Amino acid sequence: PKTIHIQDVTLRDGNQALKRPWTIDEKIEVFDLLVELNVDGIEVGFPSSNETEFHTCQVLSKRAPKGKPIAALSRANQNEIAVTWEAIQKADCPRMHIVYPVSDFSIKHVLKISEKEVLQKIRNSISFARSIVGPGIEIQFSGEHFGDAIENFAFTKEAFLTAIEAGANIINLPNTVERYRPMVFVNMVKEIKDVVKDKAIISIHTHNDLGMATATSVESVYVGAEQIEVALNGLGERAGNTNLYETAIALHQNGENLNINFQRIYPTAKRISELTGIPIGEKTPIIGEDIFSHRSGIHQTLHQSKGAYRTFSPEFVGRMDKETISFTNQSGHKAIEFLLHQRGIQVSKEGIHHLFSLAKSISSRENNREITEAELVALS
């Protein structure tokens, strides 16, 4: 079976894009939620950014449970690398994450250096990281804008093999800006997989500009990706990172083994919503308030709908099932009829509709008021 690690980047990619970034105590609460959700690793921040972020990464490193990878992001730069290692040093399993651009556009118009020079910068920074962290420590290299490395794709293969030769244990392939379609990205992941083989773990990091981040991450698993970077509530740059809940559930539904505590999803998402001030849309997959409604057919059974029209049960993600029938809720004519059928009581069309009005007259004269089966049986 495939081993699939869920790597959370809410505290870095998510936090950086927030209108009001989190205080240390809010970060600690989010961290604890990630631990209890049982993600496989946590990126705690970008410690070289400022003193506060640095401190927070130190606190979170020491708080982390034993055996849990703790990543921190750094640019391909010696001083930043050193600062980053200083911040996560005390974690049981620290993981150094270094990023550098690899797309044709980036190399041509942003960095403005030759491809052989990019390879030097990659080798030097990874090699330097290895020299300060020592032999056992995981090093992750991300090629920024990998998703847009269309015209220079072959170069990309050399960049990643260079990073691996210099000491990278994980190759992270970001769809930094979502521009095309899942299978364009996935074909690129597969080709990297084909040259990387078992020399390094392939990790995927996708953004949601065209609403296909989940599908992109999910499909990447099936060409050899073993780590997926995600965020709680789809937080992150612009439209966000790959949504943790959607990806987790999708993979579970396809028969994959994940360590995630799925029953923590809804209470986690609810609290993240409070901490960000961003409401959960009522039609959001998994956690949306209204997604378990089957109200079509009120226009002319519930057990059949719940059976045939649900991917998973609401309790699976830690929600209570609302969807129940009522005697006073409009269409409760069907409910009363079915009840009377069960007890073997014969009543015509007029009597059913008459009983429905009688039930509402007792309901709307009681505070909130619900009509029990026994008393509705008694009303005949």
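For every residue, the number given is its place in the sequence shown, counted from 1.
Q: Quick one: classify how much of the deposited chain lacks coordinates between residue 300 and residue 301, choosing none, 1 to 3, 4 to 9, or 10 or more.
A: In the deposited sequence, 4 to 9 residues between these two have no coordinates.
Q: Using only C-alpha atoms and the B-factors in the entry, which stretch averages higher, 108-116 or 259-267?
A: So the stretch with the higher mean C-alpha B-factor is 108-116.
Q: Averaging only over Cα atoms, indicate whether 302-310 or 218-226 has the higher B-factor in the PDB entry.
A: 302-310 has the higher mean C-alpha B-factor.
Q: Pick out which of 45, 41, 318, 332 has the highest C-alpha B-factor in the PDB entry.
A: That would be 332, according to the entry.
Q: In terms of recorded Cα temperature factor, pick the maximum from 191, 246, 151, 282.
A: Of 191, 246, 151, 282, 151 has the highest C-alpha B-factor.
Q: Is residue 36 in the lowest, middle or highest third of its chain when residues are ranked by C-alpha B-factor?
A: According to the entry, residue 36 has a C-alpha B-factor in the chain's middle third.
Q: Among the chain's modelled residues, which third holds the C-alpha B-factor of residue 362?
A: Top third by C-alpha B-factor.
Q: Among the modelled residues of its chain, does the C-alpha B-factor of residue 75 lie in the lowest, middle or highest third?
A: Middle third by C-alpha B-factor.
Q: With respect to C-alpha B-factor, does residue 198 fall in the lowest, middle or highest third of the chain as deposited?
A: Its C-alpha B-factor belongs to the highest third of this chain's values.
Q: C-alpha B factor of residue 17, ranked within the chain: lowest, middle or highest third?
A: Its C-alpha B-factor belongs to the middle third of this chain's values.
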